Amino acid sequence: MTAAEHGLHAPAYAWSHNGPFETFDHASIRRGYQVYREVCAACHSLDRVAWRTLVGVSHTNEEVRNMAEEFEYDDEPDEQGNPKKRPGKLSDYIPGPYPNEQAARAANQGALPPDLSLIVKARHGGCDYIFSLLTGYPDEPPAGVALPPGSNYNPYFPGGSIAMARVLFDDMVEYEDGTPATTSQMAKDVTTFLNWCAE
Amino acid sequence: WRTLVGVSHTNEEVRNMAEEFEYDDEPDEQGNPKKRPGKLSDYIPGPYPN
Amino acid sequence: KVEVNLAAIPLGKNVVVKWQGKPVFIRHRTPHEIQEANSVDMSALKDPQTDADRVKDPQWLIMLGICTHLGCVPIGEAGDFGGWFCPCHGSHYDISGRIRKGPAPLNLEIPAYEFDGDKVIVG
Amino acid sequence: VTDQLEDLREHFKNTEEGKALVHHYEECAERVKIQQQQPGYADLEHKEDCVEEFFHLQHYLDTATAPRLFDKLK
Amino acid sequence: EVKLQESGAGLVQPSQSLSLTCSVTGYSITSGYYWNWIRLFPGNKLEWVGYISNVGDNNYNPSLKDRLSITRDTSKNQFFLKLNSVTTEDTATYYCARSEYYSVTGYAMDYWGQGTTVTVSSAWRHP
Amino acid sequence: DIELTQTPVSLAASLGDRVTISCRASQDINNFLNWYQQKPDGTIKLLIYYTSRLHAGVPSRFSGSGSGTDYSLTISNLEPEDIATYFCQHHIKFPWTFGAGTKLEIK
Amino acid sequence: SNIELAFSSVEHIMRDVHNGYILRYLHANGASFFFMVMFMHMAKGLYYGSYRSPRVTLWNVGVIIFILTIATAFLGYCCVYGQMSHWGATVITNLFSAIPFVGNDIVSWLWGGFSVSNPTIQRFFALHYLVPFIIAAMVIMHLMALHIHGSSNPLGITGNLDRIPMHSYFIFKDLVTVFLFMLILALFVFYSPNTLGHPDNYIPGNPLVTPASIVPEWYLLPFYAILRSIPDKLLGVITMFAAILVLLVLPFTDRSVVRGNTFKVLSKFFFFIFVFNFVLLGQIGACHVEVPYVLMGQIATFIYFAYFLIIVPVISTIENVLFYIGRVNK
Ligand SMILES: CCCCCCCCCCCCCCCCCC(=O)OC[C@H](COP(=O)(O)OCCN)OC(=O)CCCCCCCCCCCCC
Ligand code: HEM
Ligand SMILES: C/C=C(C)/C=C/C=C/[C@H](OC)[C@@H](C)[C@@H](OC)[C@@H](C)CCc1oc2c(O)c(OC)cc(OC)c2c(=O)c1C
Ligand code: FES
């Protein structure tokens with residue numbers, strides 16, 4: 001198999017959760033959520049993650065309740081059988097951006113942005129792969145590589161041609177704790193948060 | 001509907017009976033909801049939504 | 001049955017749609033692809049079949065995307081014959097969906113279909 | 001503050017191994033653009049690309065930056 | 001790649017028979033399409049002569065149906081043309097060509113032979 | 001025997017302008033019309049088949065409009081040079097017939 | 001078991017069920033360990049001649065159990081309904097389409113429809129629950145056949161002149177390996193739960209896309225490699241199935257007058273050629289169908305069969321004569 005087909009091997013970063021005695025860095029998780037909400041949520045769903053699971057991990061009870069109440073969910077119909085909405089609660093699952101697959105492909109030129117609840121375990125490389133994909137977008141594809149209009153080059157992606165454009169840019173997000181929001185700082189935070197979503 | 005065929009009505013009679021009702025179809029290319037006439041594989045529609 | 005809007009399908013691009021739970025491959029073949037398809041010697045095919053017996057309109061290659069070996073779905077625009085490659089046991093199919101190499105014994109099966117203006121109806 | 005990873009990559013692109021690697025790629029990039037200018041390039045099938053050279057370079061940078069990057073992050 | 005190589009006497013005396021041979025390589029005559037013969041008269045004007053399908057069915061132009069004989073040799077993978085009792089009117093450059101058939105687009109001649117200029121003349125040529 | 005008549009039989013133009021030839025038949029042919037390019041060196045290749053379909057290797061600068069009995073073959077320019085006689089044939093039924101020809105000289 | 005709910009239900013066990021991830025990781029990793037220990041159990045047999053008289057019935061029941069366990073593990077993998085589950089179900093059920101005439105009919109019957117769908121996943125769960133009890137019953141038949149002849153020993157000779165009770169001695173010796181087994185398994189369950197698995201199975205099954213990264217579960221790779229080595233559909237499935245059945249031939253192809261390899265230089269050597277060849281067959285299994293690998297797999301496949309049908313009988317005969325002329329002075 002040609003190197004292009006395989007994809008560039010994702011290198012071994014020093015994740016603080018790596019190691020038998022190491023837990024997650026919950027500060028990194030809390031930041032990753034913010035990055036997911038402000039940058040990833042517009043295209044990617046997090047269907048298997050329920051609001052209540054955040055409480056006591058990266059946010060307090062009241063914080064999650066507020067975030068949850070910002071979304072509308074279906075409620076039991078009224079006395080006349082008319083459909084009516086309701087604000088979200090802790091027992092609900094984090095909502096996706098699209099109502100269905102057809103809509104999802106429409107907003108992304110045919111491609112379907114996969115759910116990210118298990119993306120860390122659903123890929124060879126895990127965190128290393130995710131982080132490397134998010135920070136490994138060159139500005140231009142290597143010479144002689146024909147990129148089909150609608151694609152973006154990324155060496156870590158098998159085939160090198162990915163339908164997701166680079167979305168992480170310096171200080172595109174304003175961290176609550178004032179941490180320098182660089183592209184790699186954000187990739188390290190989402191990835192850590194995504195690992196928690198998966199495990 | 002398909003169970004009425006060969007029991008109390010012909011294939012045509014049931015097909016026509018079913019086609020008088022609407023059912024949720026697969027959404028269009030844009031993701032918007034769309035309806036379609038019923039078919040033999042569908043179940044006799046009820047009078048109330050809930 | 002099922003319909004497909006051929007007006008949408010660009011030039012040399014593949015489209016996979018579901019029909020009876022099985023996948024249906026439809027390609028808008030380029031002129032070069034159409035030639036490559038009808039210019040192959042039968043003696044180089046374990047399952048001899050002309051491109052003409054497989055397509056009603058040279059522009060639209062329509063077939064069931066089921067590898068005749070053990071069922072997997074061939075990957076499009078892959079393999080050593082400018083066609084499809086089955087990742088399961090290494091079966092290569094050409095730009096006409098014919099079996100060229102590997103354990104598969106037959107060309108991708110052509111389903112029944114009919115044209116109708118800007119769209120086709122498989123089933 | 002500028003991206004820590006971008007800095008590290010820039011630093012290592014300047015080592016002897018890095019410069020030789022970018023040279024090898026750039027040498028390839030030239031041969032390619034000249035190939036694209038030639039008459040009848042579109043119909044070759046045996047078109048050259050510089051992914052291999054690029055991978056060799058990116059691999060070198062990764063092997064150097066991976067063990068250092070997180071010490072520079074929060 | 002498919003190729004049609006023509007050969008044969010490019011000069012026949014009036015009243016005699018014209019014998020042209022088209023050698024096909026890269027594809028098989030018996031495989032599946034139609035193998036034609038066509039001629040370009042002196043002054044640019046094309047006329048379809050006839051063919052022989054992959055099975056052996058002959059379809060000629062009613063204008064010449066009583067003189068021609070488009071045969072083939074499966075073992076050598078090549079088809080022939082034979083126009084009996086030629087006239088100076090038969091003078092033209094003859095081309096053999098494969099015509100493919102698709103149920104929606106119909107017929108189309110995609111592979112043409114080099115072409116052989118034949119001339120009906122009482123002139124003598126070393127055999 | 002269906003008969004075709006091309007127009008303008010033998011034309012000329014400079015390297016650059018968009019020329020437009022056209023055929024016409026006695027009977028009504030669906031869209032069963034093919035166009036052929038005939039180089040001065042005695043070589044003949046297929047250009048367009050079934051009214052608008054382009055054959056392998058022919059540039060996009062070759063259109064093919066038409067229906068019923070009127071047909072056309074539009075271009076855009078002649079670079080390097082498309083100087084050759086263009087023919088057209090039908091095939092709804094036998095025998096098949098070609099056009100009168102249309103030389104495309106540059107002057 | 002619903003095809004629309006399967007994958008999510010396993011995720012529900014993984015996230016919502018107290019200690020549910022421990023159940024799944026134990027079950028999943030437990031499957032692999034089951035196979036690693038079984039391979040060693042079988043290898044132990046080949047080595048010490050446990051398959052020969054009067055223990056052939058014992059061995060044949062074992063081969064039966066091996067097949068049943070493999071089918072069980074397969075059915076289990078299908079219940080997760082990941083990307084590997086779907087395609088595994090498709091390929092494996094299709095293995096039967098090789099049967100002439102009734103071939104495609106059996107597949108349709110196993111599927112219960114046009115393709116691997118709801119009816120297939122639901123029946124596969126029902127059968128996954130059933131086979132393990134059949135295996136338990138066969139294990140009893142296995143123990144019954146073992147009991148009348150007792151175990152053999154590393155010396156390959158009679159153990160009747162010196163026996164010691166199962167209790168205390170072997171009850172406590174088995175406890176040693178039980179704890180070791182639990183220690184190693186715990187290491188994977190808690191620290192490396194997905195090392196022996198595949199990431200693609202963390203993706204819901206999709207009937208329209210076979211990932212290019214598709215690879216069978218590690219314990220089935222050697223058999224998978226054997227099938228790929230044959231450029232013919234039918235012959236491919238037959239050879240793969242013959243790879244399991246040829247184990248039944250060992251009692252007859254072992255011409256040796258002594259049981260076991262302990263005192264046999266040539267047999268000890270070729271035995272390891274067999275073990276590493278099996279491991280290699282597994283490695284070829286994980287590789288793509290490409291030039292060097294295809295030939296290596298075909299030669300390794302040949303070695304696999306040649307071991308039982310050619311090597312063992314030739315080597316054992318030769319050693320019979322070596323033991324004789326190497327001391328008998330006449
Ligand atoms: C369908 C086909 C089924 C068969 C598949 C077989 C798969 C291979 C099984 C995997 C493990 C292999 C187990 C080896 C088999 C039993 C080994 C054995 O019994 O070795 C005994 C030997 C010395 O023992 P003696 O009893 O002869 O000593 C007499 C002293 N007078 O002591 C030795 O030789 C030393 C111990 C050797 C260790 C085994 C190393 C091989 C490890 C494989 C690595 C796995 C890769 C993932
Ligand atoms: C930092 C926020 C984001 C993260 C963490 C993220 C992560 C990912 C990952 C891991 C994949 C899977 C790649 C694979 O299959 O190997 C992916 C795919 C994709 N993403 Fe994102 N993404 C983010 C934001 C976005 C945004 C905002 C959009 C929509 C504009 C988007 C659109 C897509 C699409 C279309 C794909 C399909 C790739 C393909 O198969 O070619 N992503 N993303
Ligand atoms: C109702 C019960 C039924 C129908 C049971 C059927 C049992 C059949 C056999 O068991 C006895 C069978 C499992 C056994 O063959 C001897 C295995 C070694 C088969 C090995 C096997 O695995 C694969 C696999 O796992 C995959 O996963 C993603 C994918 C695969 O291809 C891409 C394969 C594959 O190509 C083969 C040969
Ligand atoms: S399933 Fe396609 S090659 Fe085996």
# chains A, B, ... in the order shown; residues from 1 in each chain; ligands from 1
$ residues_around --residues "residue 23 of chain B" --least-positions-apart "5" --cutoff "12 Å" --atoms "only C-alpha atoms" --output "ChimeraX atom specification"
/B:18,33-39,41-46
$ interface_residues --of "chain C" --to "chain E" --cutoff "12 Å" --atoms "only C-alpha atoms" --output "list in words"
residues 31, 34, 35, 36, 37, 38, 39, 40, 41, 42, 43, 44, 45, 48, 49, 50, 51, 52, 53, 54, 55, 56, 57, 58, 59, 60, 114, 115 and 116 of chain C
$ write_last_selection --atoms "C-alpha atoms" --output "compact mmCIF listing (two decimals), in the first residue's frame"
# COMPACT_ATOMS: atom_id res chain seq x y z
CA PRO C 31 -15.67 9.34 -22.45
CA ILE C 34 -16.48 4.36 -21.80
CA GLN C 35 -13.71 3.52 -24.27
CA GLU C 36 -11.58 1.66 -21.72
CA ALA C 37 -14.70 -0.40 -20.97
CA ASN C 38 -15.50 -1.53 -24.53
CA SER C 39 -11.87 -1.96 -25.56
CA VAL C 40 -10.92 -4.98 -23.43
CA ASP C 41 -10.25 -8.45 -24.82
CA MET C 42 -12.69 -11.14 -23.63
CA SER C 43 -9.83 -13.62 -23.20
CA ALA C 44 -8.72 -11.47 -20.25
CA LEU C 45 -11.93 -12.13 -18.30
CA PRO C 48 -16.70 -12.85 -20.35
CA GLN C 49 -19.22 -10.10 -20.96
CA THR C 50 -19.26 -7.03 -23.22
CA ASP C 51 -19.79 -3.61 -21.71
CA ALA C 52 -22.84 -3.36 -23.97
CA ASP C 53 -24.57 -6.35 -22.33
CA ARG C 54 -24.08 -4.60 -19.00
CA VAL C 55 -25.24 -1.04 -19.70
CA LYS C 56 -28.18 0.41 -21.66
CA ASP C 57 -26.53 3.81 -21.92
CA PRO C 58 -22.67 3.93 -21.98
CA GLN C 59 -22.83 7.08 -19.86
CA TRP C 60 -24.51 5.36 -16.91
CA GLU C 114 -35.48 1.88 -16.78
CA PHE C 115 -34.66 5.47 -17.73
CA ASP C 116 -37.11 8.39 -17.56
$ residues_around --residues "segment 9-12 of chain G" --least-positions-apart "3" --cutoff "10 Å" --atoms "only C-alpha atoms" --output "list in words"
residues 48, 118 and 198 of chain A; 1, 2, 4, 5, 6, 15, 16, 17, 20, 21, 24, 79, 80, 81 and 202 of chain G
$ select_by_dssp --residues "segment 6-61 of chain D" --states "helix (DSSP H, G or I)" --output "number ranges by chain"
D: 6-13, 16-37, 51-61
$ atom_distance --atom1 "atom CA of residue 66 of chain A" --atom2 "atom CA of residue 96 of chain A"
17.4 Å
$ residues_around --residues "segment 49-62 of chain F" --least-positions-apart "4" --cutoff "10 Å" --atoms "only C-alpha atoms" --output "PyMOL selection string"
(chain C and resi 30-36+58-59) or (chain D and resi 43) or (chain E and resi 104-110) or (chain F and resi 18+30-36+45+66-67+71-78+88-91)
$ closest_residue --among "A:45, A:109, A:18, A:195" --to "chain B" --atoms "only C-alpha atoms"
A:109
$ select_by_dssp --residues "chain C" --states "strand (DSSP E)" --output "PyMOL selection string"
chain C and resi 2-5+14-19+22-28+60-64+75-78+83-86+91-93+99-101+113-116+119-122
$ interface_residues --of "chain G" --to "chain A" --cutoff "8 Å" --atoms "only C-alpha atoms" --output "VMD selection string"
chain G and resid 11 191 199 to 203 288
$ write_last_selection --atoms "N, CA and C atoms" --output "tab-separated table (two decimals), in the first residue's frame"
chain	number	residue	atom	x	y	z
G	11	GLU	N	-23.49	0.19	24.15
G	11	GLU	CA	-23.00	1.48	24.65
G	11	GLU	C	-23.68	1.81	25.99
G	191	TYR	N	-6.46	-1.91	32.08
G	191	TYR	CA	-5.44	-1.04	31.49
G	191	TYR	C	-5.31	-1.04	29.97
G	199	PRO	N	-10.88	-0.88	16.17
G	199	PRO	CA	-11.54	0.42	16.30
G	199	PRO	C	-12.81	0.50	15.44
G	200	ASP	N	-12.77	-0.10	14.25
G	200	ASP	CA	-13.92	-0.10	13.34
G	200	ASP	C	-15.19	-0.65	13.97
G	201	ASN	N	-15.05	-1.54	14.96
G	201	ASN	CA	-16.24	-2.06	15.61
G	201	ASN	C	-16.84	-1.07	16.61
G	202	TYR	N	-16.27	0.13	16.67
G	202	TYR	CA	-16.80	1.19	17.53
G	202	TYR	C	-17.62	2.13	16.66
G	203	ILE	N	-17.88	1.68	15.44
G	203	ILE	CA	-18.66	2.41	14.46
G	203	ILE	C	-19.87	1.54	14.12
G	288	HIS	N	-2.35	-6.87	3.67
G	288	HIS	CA	-3.18	-6.71	2.48
G	288	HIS	C	-2.81	-7.78	1.46
$ residues_around --residues "residue 106 of chain F" --least-positions-apart "3" --cutoff "12 Å" --atoms "only C-alpha atoms" --output "MDAnalysis selection string"
chainID F and resid 10:17 19 77:84 103
$ atom_distance --atom1 "atom CA of residue 61 of chain G" --atom2 "atom CA of residue 134 of chain G"
12.3 Å
$ residues_near_ligand --ligand "ligand 3" --cutoff "8 Å" --atoms "only C-alpha atoms and all ligand atoms" --output "PyMOL selection string"
(chain C and resi 70+72+87-89) or (chain G and resi 67-75+83-89+91-93+95+110+123-124+127+214-217+220-221+223-225+227-228+237+240-241+244)
$ residues_near_ligand --ligand "ligand 4" --cutoff "9 Å" --atoms "only C-alpha atoms and all ligand atoms" --output "MDAnalysis selection string"
(chainID C and resid 66:74 85:92 102:104) or (chainID G and resid 90:91 94 228 233)
$ residues_near_ligand --ligand "ligand 1" --cutoff "6 Å" --atoms "only C-alpha atoms and all ligand atoms" --output "list in words"
residues 39, 40, 42, 43, 44, 47, 154, 244, 262 and 275 of chain G
$ write_last_selection --atoms "C-alpha atoms" --output "PDB file, in the first residue's frame"
ATOM      1  CA  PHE G  39      -4.473 -22.860  21.244  1.00  0.00           C
ATOM      2  CA  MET G  40      -1.984 -23.761  23.970  1.00  0.00           C
ATOM      3  CA  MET G  42      -4.269 -27.980  21.498  1.00  0.00           C
ATOM      4  CA  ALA G  43      -0.546 -27.357  20.969  1.00  0.00           C
ATOM      5  CA  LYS G  44       0.165 -29.202  24.225  1.00  0.00           C
ATOM      6  CA  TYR G  47       3.448 -32.039  21.268  1.00  0.00           C
ATOM      7  CA  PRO G 154       5.297 -35.480  29.603  1.00  0.00           C
ATOM      8  CA  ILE G 244      -9.677 -27.590  11.054  1.00  0.00           C
ATOM      9  CA  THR G 262      10.006 -35.263  24.498  1.00  0.00           C
ATOM     10  CA  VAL G 275       3.819 -23.279  15.653  1.00  0.00           C
TER      11      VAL G 275
END
$ residues_near_ligand --ligand "ligand 2" --cutoff "8 Å" --atoms "only C-alpha atoms and all ligand atoms" --output "PDB file with N, CA and C atoms, in the first residue's frame"
ATOM      1  N   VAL A  35     -14.458  24.257  23.450  1.00  0.00           N
ATOM      2  CA  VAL A  35     -14.001  24.199  22.073  1.00  0.00           C
ATOM      3  C   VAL A  35     -15.011  23.430  21.233  1.00  0.00           C
ATOM      4  N   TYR A  36     -15.554  22.337  21.777  1.00  0.00           N
ATOM      5  CA  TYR A  36     -16.546  21.540  21.048  1.00  0.00           C
ATOM      6  C   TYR A  36     -17.805  22.362  20.787  1.00  0.00           C
ATOM      7  N   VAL A  39     -16.881  25.465  18.311  1.00  0.00           N
ATOM      8  CA  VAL A  39     -16.309  25.179  16.998  1.00  0.00           C
ATOM      9  C   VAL A  39     -16.756  23.896  16.315  1.00  0.00           C
ATOM     10  N   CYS A  40     -16.940  22.832  17.086  1.00  0.00           N
ATOM     11  CA  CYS A  40     -17.306  21.550  16.502  1.00  0.00           C
ATOM     12  C   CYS A  40     -18.789  21.278  16.400  1.00  0.00           C
ATOM     13  N   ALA A  41     -19.533  21.712  17.415  1.00  0.00           N
ATOM     14  CA  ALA A  41     -20.973  21.504  17.512  1.00  0.00           C
ATOM     15  C   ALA A  41     -21.820  21.876  16.304  1.00  0.00           C
ATOM     16  N   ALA A  42     -21.342  22.815  15.496  1.00  0.00           N
ATOM     17  CA  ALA A  42     -22.067  23.267  14.317  1.00  0.00           C
ATOM     18  C   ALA A  42     -22.154  22.201  13.218  1.00  0.00           C
ATOM     19  N   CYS A  43     -21.339  21.158  13.331  1.00  0.00           N
ATOM     20  CA  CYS A  43     -21.335  20.088  12.334  1.00  0.00           C
ATOM     21  C   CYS A  43     -21.379  18.686  12.939  1.00  0.00           C
ATOM     22  N   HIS A  44     -20.806  18.542  14.130  1.00  0.00           N
ATOM     23  CA  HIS A  44     -20.743  17.255  14.788  1.00  0.00           C
ATOM     24  C   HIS A  44     -21.658  17.069  15.977  1.00  0.00           C
ATOM     25  N   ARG A 105     -25.710  16.325   5.151  1.00  0.00           N
ATOM     26  CA  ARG A 105     -24.924  16.268   3.928  1.00  0.00           C
ATOM     27  C   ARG A 105     -25.050  17.564   3.120  1.00  0.00           C
ATOM     28  N   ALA A 107     -25.366  20.624   4.300  1.00  0.00           N
ATOM     29  CA  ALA A 107     -24.545  21.653   4.928  1.00  0.00           C
ATOM     30  C   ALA A 107     -23.048  21.397   4.814  1.00  0.00           C
ATOM     31  N   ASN A 108     -22.676  20.263   4.223  1.00  0.00           N
ATOM     32  CA  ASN A 108     -21.272  19.897   4.094  1.00  0.00           C
ATOM     33  C   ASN A 108     -20.887  19.314   2.743  1.00  0.00           C
ATOM     34  N   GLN A 109     -21.527  19.814   1.693  1.00  0.00           N
ATOM     35  CA  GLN A 109     -21.255  19.406   0.317  1.00  0.00           C
ATOM     36  C   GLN A 109     -21.262  17.900   0.067  1.00  0.00           C
ATOM     37  N   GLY A 110     -22.245  17.214   0.648  1.00  0.00           N
ATOM     38  CA  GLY A 110     -22.365  15.777   0.456  1.00  0.00           C
ATOM     39  C   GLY A 110     -21.796  14.881   1.538  1.00  0.00           C
ATOM     40  N   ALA A 111     -20.782  15.356   2.248  1.00  0.00           N
ATOM     41  CA  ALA A 111     -20.168  14.561   3.302  1.00  0.00           C
ATOM     42  C   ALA A 111     -21.011  14.551   4.576  1.00  0.00           C
ATOM     43  N   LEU A 112     -20.855  13.488   5.360  1.00  0.00           N
ATOM     44  CA  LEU A 112     -21.581  13.336   6.611  1.00  0.00           C
ATOM     45  C   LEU A 112     -20.627  13.450   7.788  1.00  0.00           C
ATOM     46  N   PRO A 113     -20.725  14.541   8.560  1.00  0.00           N
ATOM     47  CA  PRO A 113     -19.851  14.733   9.722  1.00  0.00           C
ATOM     48  C   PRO A 113     -20.206  13.679  10.765  1.00  0.00           C
ATOM     49  N   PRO A 114     -19.297  12.732  11.035  1.00  0.00           N
ATOM     50  CA  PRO A 114     -19.567  11.683  12.020  1.00  0.00           C
ATOM     51  C   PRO A 114     -19.735  12.157  13.459  1.00  0.00           C
ATOM     52  N   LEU A 116     -19.103  12.252  17.404  1.00  0.00           N
ATOM     53  CA  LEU A 116     -17.791  12.192  18.037  1.00  0.00           C
ATOM     54  C   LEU A 116     -17.758  11.557  19.429  1.00  0.00           C
ATOM     55  N   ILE A 119     -15.347   8.729  18.737  1.00  0.00           N
ATOM     56  CA  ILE A 119     -14.293   8.950  17.760  1.00  0.00           C
ATOM     57  C   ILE A 119     -12.874   8.591  18.215  1.00  0.00           C
ATOM     58  N   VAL A 120     -12.578   8.727  19.507  1.00  0.00           N
ATOM     59  CA  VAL A 120     -11.248   8.389  20.016  1.00  0.00           C
ATOM     60  C   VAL A 120     -10.990   6.887  19.966  1.00  0.00           C
ATOM     61  N   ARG A 123     -10.906   5.016  16.073  1.00  0.00           N
ATOM     62  CA  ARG A 123      -9.824   5.291  15.130  1.00  0.00           C
ATOM     63  C   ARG A 123      -8.490   4.756  15.613  1.00  0.00           C
ATOM     64  N   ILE A 130      -6.423  12.013  16.434  1.00  0.00           N
ATOM     65  CA  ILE A 130      -7.323  13.166  16.460  1.00  0.00           C
ATOM     66  C   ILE A 130      -6.544  14.475  16.462  1.00  0.00           C
ATOM     67  N   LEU A 133      -4.675  15.166  13.281  1.00  0.00           N
ATOM     68  CA  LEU A 133      -5.531  15.513  12.156  1.00  0.00           C
ATOM     69  C   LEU A 133      -5.933  16.981  12.264  1.00  0.00           C
ATOM     70  N   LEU A 134      -6.278  17.397  13.479  1.00  0.00           N
ATOM     71  CA  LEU A 134      -6.705  18.762  13.753  1.00  0.00           C
ATOM     72  C   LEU A 134      -5.611  19.835  13.648  1.00  0.00           C
ATOM     73  N   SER A 151     -12.425  19.232  -1.369  1.00  0.00           N
ATOM     74  CA  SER A 151     -11.529  18.505  -0.484  1.00  0.00           C
ATOM     75  C   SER A 151     -10.444  19.407   0.094  1.00  0.00           C
ATOM     76  N   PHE A 157      -4.839  11.724   7.282  1.00  0.00           N
ATOM     77  CA  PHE A 157      -6.068  11.103   6.819  1.00  0.00           C
ATOM     78  C   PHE A 157      -5.753  10.131   5.682  1.00  0.00           C
ATOM     79  N   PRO A 158      -6.266   8.886   5.757  1.00  0.00           N
ATOM     80  CA  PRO A 158      -5.983   7.928   4.679  1.00  0.00           C
ATOM     81  C   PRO A 158      -6.444   8.478   3.328  1.00  0.00           C
ATOM     82  N   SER A 161      -7.053  13.078   1.247  1.00  0.00           N
ATOM     83  CA  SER A 161      -8.153  13.967   0.875  1.00  0.00           C
ATOM     84  C   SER A 161      -9.345  13.898   1.835  1.00  0.00           C
ATOM     85  N   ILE A 162      -9.491  14.904   2.695  1.00  0.00           N
ATOM     86  CA  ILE A 162     -10.575  14.945   3.682  1.00  0.00           C
ATOM     87  C   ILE A 162     -11.601  16.070   3.429  1.00  0.00           C
ATOM     88  N   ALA A 163     -12.887  15.743   3.578  1.00  0.00           N
ATOM     89  CA  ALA A 163     -13.967  16.705   3.360  1.00  0.00           C
ATOM     90  C   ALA A 163     -14.115  17.758   4.455  1.00  0.00           C
ATOM     91  N   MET A 164     -13.334  17.627   5.523  1.00  0.00           N
ATOM     92  CA  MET A 164     -13.360  18.613   6.604  1.00  0.00           C
ATOM     93  C   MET A 164     -12.153  19.535   6.456  1.00  0.00           C
ATOM     94  N   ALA A 165     -12.421  20.829   6.350  1.00  0.00           N
ATOM     95  CA  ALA A 165     -11.374  21.833   6.222  1.00  0.00           C
ATOM     96  C   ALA A 165     -10.795  22.128   7.598  1.00  0.00           C
ATOM     97  N   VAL A 167     -10.344  23.864  10.804  1.00  0.00           N
ATOM     98  CA  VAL A 167     -11.255  24.756  11.514  1.00  0.00           C
ATOM     99  C   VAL A 167     -10.636  25.435  12.733  1.00  0.00           C
ATOM    100  N   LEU A 168      -9.501  24.920  13.205  1.00  0.00           N
ATOM    101  CA  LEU A 168      -8.834  25.496  14.373  1.00  0.00           C
ATOM    102  C   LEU A 168      -7.789  26.563  14.021  1.00  0.00           C
ATOM    103  N   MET A 186      -6.044  24.183  21.731  1.00  0.00           N
ATOM    104  CA  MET A 186      -7.440  23.803  21.537  1.00  0.00           C
ATOM    105  C   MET A 186      -7.594  22.332  21.114  1.00  0.00           C
ATOM    106  N   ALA A 187      -6.701  21.854  20.252  1.00  0.00           N
ATOM    107  CA  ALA A 187      -6.742  20.468  19.789  1.00  0.00           C
ATOM    108  C   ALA A 187      -6.475  19.525  20.948  1.00  0.00           C
ATOM    109  N   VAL A 190      -9.900  19.668  23.117  1.00  0.00           N
ATOM    110  CA  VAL A 190     -11.037  18.921  22.560  1.00  0.00           C
ATOM    111  C   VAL A 190     -10.755  17.434  22.627  1.00  0.00           C
ATOM    112  N   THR A 191      -9.588  17.036  22.132  1.00  0.00           N
ATOM    113  CA  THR A 191      -9.203  15.634  22.125  1.00  0.00           C
ATOM    114  C   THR A 191      -9.313  15.008  23.521  1.00  0.00           C
ATOM    115  N   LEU A 194     -12.868  14.680  24.190  1.00  0.00           N
ATOM    116  CA  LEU A 194     -13.422  13.624  23.348  1.00  0.00           C
ATOM    117  C   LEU A 194     -13.053  12.233  23.854  1.00  0.00           C
TER     118      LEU A 194
END
$ atom_distance --atom1 "atom CA of residue 62 of chain D" --atom2 "atom CA of residue 160 of chain A"
17.0 Å
$ interface_residues --of "chain D" --to "chain A" --cutoff "6 Å" --atoms "only C-alpha atoms" --output "JSON, numbers by chain"
{"D": [3, 29, 49, 50, 51, 62, 66, 67]}
$ closest_residue --among "B:21, B:28, B:1, B:9" --to "chain C" --atoms "only C-alpha atoms"
B:28
$ residues_around --residues "residue 196 of chain A" --least-positions-apart "3" --cutoff "8 Å" --atoms "only C-alpha atoms" --output "count of residues only"
5
